[PDB]
S.K.: 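Would you mind keeping the following structure in view while I ask a few things?
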Protein chains: 2
Amino acid sequence: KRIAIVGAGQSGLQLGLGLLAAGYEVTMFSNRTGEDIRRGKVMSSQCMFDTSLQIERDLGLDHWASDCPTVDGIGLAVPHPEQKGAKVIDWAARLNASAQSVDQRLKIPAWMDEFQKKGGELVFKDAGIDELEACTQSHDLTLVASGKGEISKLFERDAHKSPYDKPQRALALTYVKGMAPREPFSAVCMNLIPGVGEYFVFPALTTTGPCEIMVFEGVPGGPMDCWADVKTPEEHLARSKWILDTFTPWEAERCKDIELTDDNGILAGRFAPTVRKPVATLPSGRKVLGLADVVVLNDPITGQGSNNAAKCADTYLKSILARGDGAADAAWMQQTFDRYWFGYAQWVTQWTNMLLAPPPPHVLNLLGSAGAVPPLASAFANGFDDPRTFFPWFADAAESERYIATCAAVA
Amino acid sequence: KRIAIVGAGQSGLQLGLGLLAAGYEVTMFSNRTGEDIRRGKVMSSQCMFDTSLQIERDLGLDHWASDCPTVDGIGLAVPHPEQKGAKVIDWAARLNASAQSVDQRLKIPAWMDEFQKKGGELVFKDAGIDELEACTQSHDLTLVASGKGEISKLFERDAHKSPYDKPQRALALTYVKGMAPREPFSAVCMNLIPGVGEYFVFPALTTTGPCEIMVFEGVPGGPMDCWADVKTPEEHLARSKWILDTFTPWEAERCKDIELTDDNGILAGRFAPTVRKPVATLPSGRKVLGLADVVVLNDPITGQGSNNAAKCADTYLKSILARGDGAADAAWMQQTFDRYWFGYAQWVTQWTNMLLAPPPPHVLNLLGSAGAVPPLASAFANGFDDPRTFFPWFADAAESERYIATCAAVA
Ligand SMILES: Cc1cc2nc3c(=O)[nH]c(=O)nc-3n(C[C@H](O)[C@H](O)[C@H](O)COP(=O)(O)OP(=O)(O)OC[C@H]3O[C@@H](n4cnc5c(N)ncnc54)[C@H](O)[C@@H]3O)c2cc1C
Ligand SMILES: Cc1cc2nc3c(=O)[nH]c(=O)nc-3n(C[C@H](O)[C@H](O)[C@H](O)COP(=O)(O)OP(=O)(O)OC[C@H]3O[C@@H](n4cnc5c(N)ncnc54)[C@H](O)[C@@H]3O)c2cc1C
Ligand SMILES: CSc1ccccc1
Ligand SMILES: CSc1ccccc1
């Protein structure tokens, strides 16, 4: 009945609040104050689809639902190789239920406040092995929910579940005000630049109100691997507009008057997709369980990290509650992760790792057919809510043709 | 806001009650009265695992939860080829949360009563095309939830999702009183007779109170394809005991004083696993959507039909509620099924169709290893709650060896 969590992030706080509500005692380690998180740099574009949002609703944690703009569809565009400034693919499809992007700068600090108000023990320290050794002696279970923090490397990389050992994209974020709203409905507007990268943009809620978030992913060494020489916010905004002018002029028409939401509404970085073994053993022989990005870390190209974090914390909470007074031993830890991985995250991860690679012919045919077969576009869009629904037709050519036929027959 | 359902069974009634609670008008066609169902022959062994049970809880429909015996684990035994009357494999593992088997003779008629009390329109008739033509003119959506009824063949068989066109097992059920309870916990006791068939037994609740349900599955033409000459209840009970004496004498020790719960607590039959296309078009050109066993029908060897029905009706209810005033057209119908199939039922179906075939070597090694690696036994047992968690390690030899290693490392 006493649980410790290292890392006051999305999964750690969602889990901790769920545990307090179920009557557990929870100790949490945070390496930052709430206000420094609110005013520091953005961490994500955190587009959460309806199933993830519902996990939050069900815990009573959808505190921004009324004020956050809804994201109501997915759009996909590809530049026309010949015609200047035109697209050869340009379609959209509605989500069956809205997505929402609530800035983690808002959400994480407010959930830290709620955690304390609900009786959690917040401890402020950059935690290391010594804190984990202490926690495992005074608590029935200790989780590491540290995201991309260095302590996450305590867990052993799972080579067989990690096909990549290098970053597959160069990343940047720019949060802006003044973008022309998308009509007639909002969407994740996905621009796929063949051989170069991707630009995604959608509305969100941040610390100065509603905005849109521009998301840039560049094939390393290509024209959109282009943030190294950017050293000021102003240079960042300018490089952002430069990308749209150069590769997606249709989107640049929406951005004639964009400004940064704030000077810290920017980010640039990269990382390798990595899966890790969930059970780490400390020097003392005691054991800790990794959560969410500590054990399954994906490139953001499919917008699944925050969705994975919510779904992972839900699965771990259910497993803790079902265990009761049972021992939180390594077997239980491993089985808890196994259910998440084999039941769900392996399919999110396989799909995302496929999309980082160059698209094979059957995939380009799927993307093209979706522009003329609205049921297939709808399947694409709503697959973002449960990427299991892409298999096997997205990854295999013969099955892709069968599914196109199924969709065509009901259009 | 007006919905018609043909077939007053598990999925149709669960869906109908969910719809009434959400404010819809629901018309339902039943081909039997509630009392004739309560007193007629058994229809299933309906072992529902925790996720399915929770769908019922969440709708307020767990009316027997306190009185039904819990099923708390899974056991697996294989006879020893040499040693007489002994087993070469004999292990068990606890379920993380209980399963329960509430006889459909109890559940379906009580839910019919509740359906009427909550304002549903129950119509008593053996429905055919004429009723479907009428319903599609007076309702916004018409579903066919007819199980193995003849009208289910209105929907087109999906050859590519149906590897079998003949029954793979000869089936029988015997509901009994007086069986020695399993100690120290209850379980689905699975007896795998190599090359012959399977005997499963577990506690349940029926119309005369708590019982156990014996489940017999025989490879066609083999020693357990043995119900053709049985023509009375007494002969049925006797043939049931004969099987245990001949192939599972360890189970016969529990059955020295068993009696039928009632003369209609017996069943024998067979059918081919079949998947169908979800959208059927009537002579008028109007369309209907199939539900649960109408579109995905599996052999009962994995105990998944009632679980699939609950999960299918949950997915369809969520899809209806999300649609709102949107058209219930063929595309929406097809996408609703697609989410069920690609997201979930394809994996239940692939797993079950593999187990009907002879077990390959890596599978026999998995079953053997589970007796000495408790984390692998636990994975087997709790996989019954979400068969997605068997992939890819159950179906591929190299991945099975990797998972055995993972389980061994935390034992
Ligand atoms: C550029 C980018 C774009 C993204 N876009 C999306 C999107 O559109 N949709 C989506 O679903 N996901 C998106 N994500 C992913 C998502 O933001 C993360 O996957 C999610 O935050 C993971 O939650 P978590 O709990 O695992 O980690 P985090 O939310 O990162 O929480 C980890 C916390 O632990 C802290 N910590 C680290 N080390 C220690 C320590 N020693 N002691 C104490 N605390 C420590 C960290 O500082 C942090 O506060 C994006 C990510 C990036 C980088
Ligand atoms: C031997 C056996 C053992 C089983 N064991 C298990 C187990 O342990 N666990 C498990 O999870 N599942 C088990 N099942 C499967 C499970 O019982 C079914 O999959 C489940 O009942 C399917 O629900 P449904 O709504 O699709 O169909 P049903 O529950 O069968 O409902 C269909 C209804 O429609 C009626 N109907 C048919 N035609 C018409 C018509 N023209 N008009 C009106 N009504 C009509 C039928 O009479 C019936 O009442 C077993 C099945 C069998 C046969
Ligand atoms: C930031 S990349 C992405 C893709 C899809 C949905 C949301 C975000
Ligand atoms: C009736 S076969 C079976 C198998 C597993 C669980 C329940 C039933």
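We count ligands from 1, going down the list as the structure has it; atoms in each ligand are counted the same way. Atoms considered below: every heavy atom in the structure, side chains included; atoms not considered: hydrogens, waters and symmetry mates. So that the names make sense, note that chain A is the first sequence line, chain B the second, and so on, each numbered from 1.
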S.K.: How far is atom 7 (C) of ligand 4 from the closest protein heavy atom, and which atom is that?
M.R.: B:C47 CB, 3.5 Å
S.K.: Under 4.0 Å from ligand 4, counting heavy atoms only, is it the side chain of B:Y199, its backbone, both or neither?
M.R.: neither
S.K.: Is the closest N or O pair between B:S44 and ligand 2 shorter than 3.5 Å?
M.R.: yes
S.K.: Decide yes or no on salt bridge (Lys or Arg N to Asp or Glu O under 4.0 Å) for B:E212 and B:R182, but give the supporting numbers first.
M.R.: CA-CA 10 Å; B:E212 303 235 15; B:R182 189 188 192 283; over 6 Å; no
S.K.: Distance under 4.0 Å to a non-hydrogen atom of B:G303: what atoms of ligand 2 satisfy this?
M.R.: 7 (C), 9 (N), 10 (C), 11 (O)
S.K.: Could I get the full list of salt bridge (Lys or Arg N to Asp or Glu O under 4.0 Å) partners for A:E251, not counting sequence neighbours?
M.R.: A:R254
S.K.: In the protein, what heavy atom is nearest to atom 2 (S) of ligand 4, and what distance, to one decimal place, separates them?
M.R.: B:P300 O, 3.1 Å
S.K.: Would A:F394 and A:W347 count as a close aromatic pair, with their ring centres under 6.0 Å?
M.R.: no
S.K.: Need the ligand 2 atom indices (1-based, order shown) with element for anything under 4.0 Å from a heavy-atom of B:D126.
M.R.: 40 (C), 41 (N)
S.K.: Which residue owns the protein heavy atom closest to atom 46 (C) of ligand 2, what's the atom, and how far is it?
M.R.: B:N31 ND2, 4.0 Å
S.K.: Atoms of ligand 2 less than 4.0 Å from B:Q104 heavy atoms?
M.R.: 17 (O), 20 (C), 21 (O)
S.K.: Please confirm whether the backbone N or O of A:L171 pairs with a side-chain atom of A:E217, one donor and one acceptor, at under 3.5 Å?
M.R.: no
S.K.: Quick check on contacts: which atoms of ligand 2 are under 4.0 angstrom from a heavy atom of B:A292?
M.R.: 26 (O)
S.K.: Short list, please: which atoms of ligand 4 are under 4.0 Å from a heavy atom of B:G303?
M.R.: 3 (C), 4 (C), 7 (C), 8 (C)
S.K.: For atom 23 (O) of ligand 2, what is the closest protein heavy atom, and at what distance to 0.1 Å?
M.R.: B:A309 CB, 3.6 Å
S.K.: Would you say B:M48 touches ligand 2, if touching means a heavy atom closer than 4.0 Å?
M.R.: no
S.K.: Is the CD atom of B:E121 crowded by more than 12 outside heavy atoms at less than 6.0 Å?
M.R.: no
S.K.: Report the nearest protein non-hydrogen atom to atom 1 (C) of ligand 4: residue, atom name, distance rounded to 0.1 Å.
M.R.: B:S45 OG, 3.2 Å
S.K.: I'd like to know if the side chain of B:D314 reaches the main chain of B:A310, judged simply by a donor and an acceptor atom lying under 3.5 Å from each other, with no hydrogens or angles considered.
M.R.: no
S.K.: Under 4.0 Å from any heavy atom of B:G147, which atoms of ligand 2 are there?
M.R.: 27 (O), 32 (C)
S.K.: Can a salt bridge be assigned to the pair B:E56 and B:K107 using a cut-off of 4.0 Å between side-chain N and carboxylate O?
M.R.: yes
S.K.: Side chain of B:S186, backbone of B:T70: donor and acceptor closer than 3.5 Å?
M.R.: yes
S.K.: Check whether any side-chain heavy atom of B:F271 sits under 4.5 Å from a side-chain heavy atom of B:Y164, and report yes or no.
M.R.: no
S.K.: Grab the two heavy atoms, one from B:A272 and one from B:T274, that are nearest each other, plus how far apart they are.
M.R.: O-OG1, 3.0 Å
S.K.: What do you reckon, is CD of B:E150 surrounded by more than 12 foreign heavy atoms closer than 6.0 Å?
M.R.: no
S.K.: Compute the shortest N/O to N/O distance between B:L171 and ligand 2 and return yes if it is under 3.5 Å, no if not.
M.R.: no
S.K.: Do any nitrogen or oxygen atoms of B:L267 come within less than 3.5 Å of a nitrogen or oxygen of ligand 2?
M.R.: no
S.K.: When you compare ligand 2 with B:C47, is there at least one nitrogen or oxygen pair between them that comes in under 3.5 angstrom?
M.R.: yes
S.K.: Considering heavy atoms of the protein only, find what lies nearest to atom 18 (C) of ligand 2 and give residue, atom and distance to 0.1 Å.
M.R.: B:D293 OD2, 3.3 Å
S.K.: What are the two closest heavy atoms between A:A187 and A:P203, and how far apart are they?
M.R.: O-CD, 4.2 Å
S.K.: Compute whether any side-chain donor of one residue and acceptor of the other, for B:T248 and B:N191, lie under 3.5 angstrom apart.
M.R.: no
S.K.: At under 4.0 Å between heavy atoms, which part of B:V6 makes contact with ligand 2: side chain, backbone, both or neither?
M.R.: side chain
S.K.: With heavy atoms under 4.0 Å as the rule, classify the contact between B:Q10 and ligand 2 as side chain, backbone, both or neither.
M.R.: both
S.K.: Quick check on contacts: which atoms of ligand 2 are under 4.0 angstrom from a heavy atom of B:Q304?
M.R.: 10 (C), 11 (O)
S.K.: Going through the checks in order, is the ring pair (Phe, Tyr, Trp, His ring centres under 6.0 Å) test met by B:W227 and B:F216?
M.R.: CA-CA 10 Å; B:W227 303 92; B:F216 298 105; 5.7 Å; yes
S.K.: Ligand 3 versus A:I213, non-hydrogen atoms closer than 4.0 Å: side chain, backbone, both, neither?
M.R.: neither
S.K.: Could you tell me the residue and atom name of the protein heavy atom closest to atom 5 (C) of ligand 3, and the distance to it rounded to 0.1 Å?
M.R.: A:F384 CE2, 3.5 Å
S.K.: For B:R38, is there an ion pair with B:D113 - N to carboxylate O distance below 4.0 angstrom?
M.R.: yes
S.K.: Of all the atoms in ligand 3, which lie at a distance below 4.0 Å from a heavy atom belonging to A:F49?
M.R.: 6 (C)
S.K.: Taking 4.0 Å as the limit for heavy-atom contacts, which would you say applies to B:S306 with ligand 2: side chain only, backbone only, both, or neither?
M.R.: both
S.K.: May I ask you to decide if B:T302's main-chain N or O and B:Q304's side chain share a donor-acceptor pair within less than 3.5 Å?
M.R.: yes
S.K.: Please report whether ligand 2 has a polar contact with B:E150, defined as an N or O pair separated by less than 3.5 Å (distance criterion only).
M.R.: no
S.K.: Return the residue, atom name and 0.1 Å-rounded distance of the protein heavy atom closest to atom 42 (N) of ligand 2.
M.R.: B:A127 N, 3.3 Å
S.K.: Answer yes or no: are there more than 12 heavy-atom neighbours, outside A:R94 itself, under 6.0 Å from its atom CZ?
M.R.: no
S.K.: Contact between B:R32 and ligand 2, counting heavy atoms under 4.0 Å?
M.R.: no
S.K.: What part of B:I301 sits under 4.0 Å from ligand 4 if we count only heavy atoms: the side chain, the backbone, both or neither?
M.R.: backbone
S.K.: Quick check on contacts: which atoms of ligand 2 are under 4.0 angstrom from a heavy atom of B:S11?
M.R.: 24 (P), 25 (O), 26 (O)
S.K.: At a 4.0 Å threshold, what atoms of ligand 4 neighbour a non-hydrogen atom of B:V215?
M.R.: 1 (C)
S.K.: When you measure from atom 33 (C) of ligand 2 to each heavy atom in B:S101, B:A145, B:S152, which option holds the nearest one?
M.R.: B:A145
S.K.: Tell me which part of B:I151 gets within contact of ligand 2: side chain, backbone, both or neither, using heavy atoms under 4.0 Å.
M.R.: side chain
S.K.: Establish whether atom 48 (C) of ligand 2 and some protein heavy atom are separated by less than 4.0 angstrom.
M.R.: no
S.K.: Quick one: do B:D299 and B:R270 satisfy salt bridge (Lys or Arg N to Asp or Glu O under 4.0 Å)? Show the steps, please.
M.R.: CA-CA 8 Å; B:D299 186 277; B:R270 72 193 71 203; over 6 Å; no
S.K.: Show the nearest heavy-atom pair for residues A:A381 and A:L95, with the distance to one decimal.
M.R.: O-CD2, 3.4 Å
S.K.: Side-chain atoms of residues 43-50 of chain A: list all donor-acceptor pairs with protein atoms under 3.5 Å, sequence neighbours left out, distances to 0.1 Å.
M.R.:
from	atom 1	to	atom 2	distance (Å)
A:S44	OG	A:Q46	N	2.8
A:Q46	OE1	A:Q104	N	3.2
A:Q46	NE2	A:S101	OG	3.1
A:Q46	NE2	A:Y175	OH	3.0
A:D50	OD1	A:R57	NH1	3.1

S.K.: Quick one: look at A:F216 and ligand 3, take heavy-atom pairs under 4.0 Å, and tell me if it's side chain, backbone, both or neither.
M.R.: neither
S.K.: Measure from the side-chain N and O atoms of B:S30 to the backbone N and O of B:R32, and report whether any donor-acceptor pair falls under 3.5 Å.
M.R.: yes
S.K.: Only heavy atoms of B:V188, strictly under 4.0 Å: list the atoms of ligand 4 that pass.
M.R.: 5 (C), 6 (C)
S.K.: Relative to ligand 2, is B:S146 under 4.0 angstrom through side chain, backbone, both or neither, heavy atoms considered?
M.R.: both
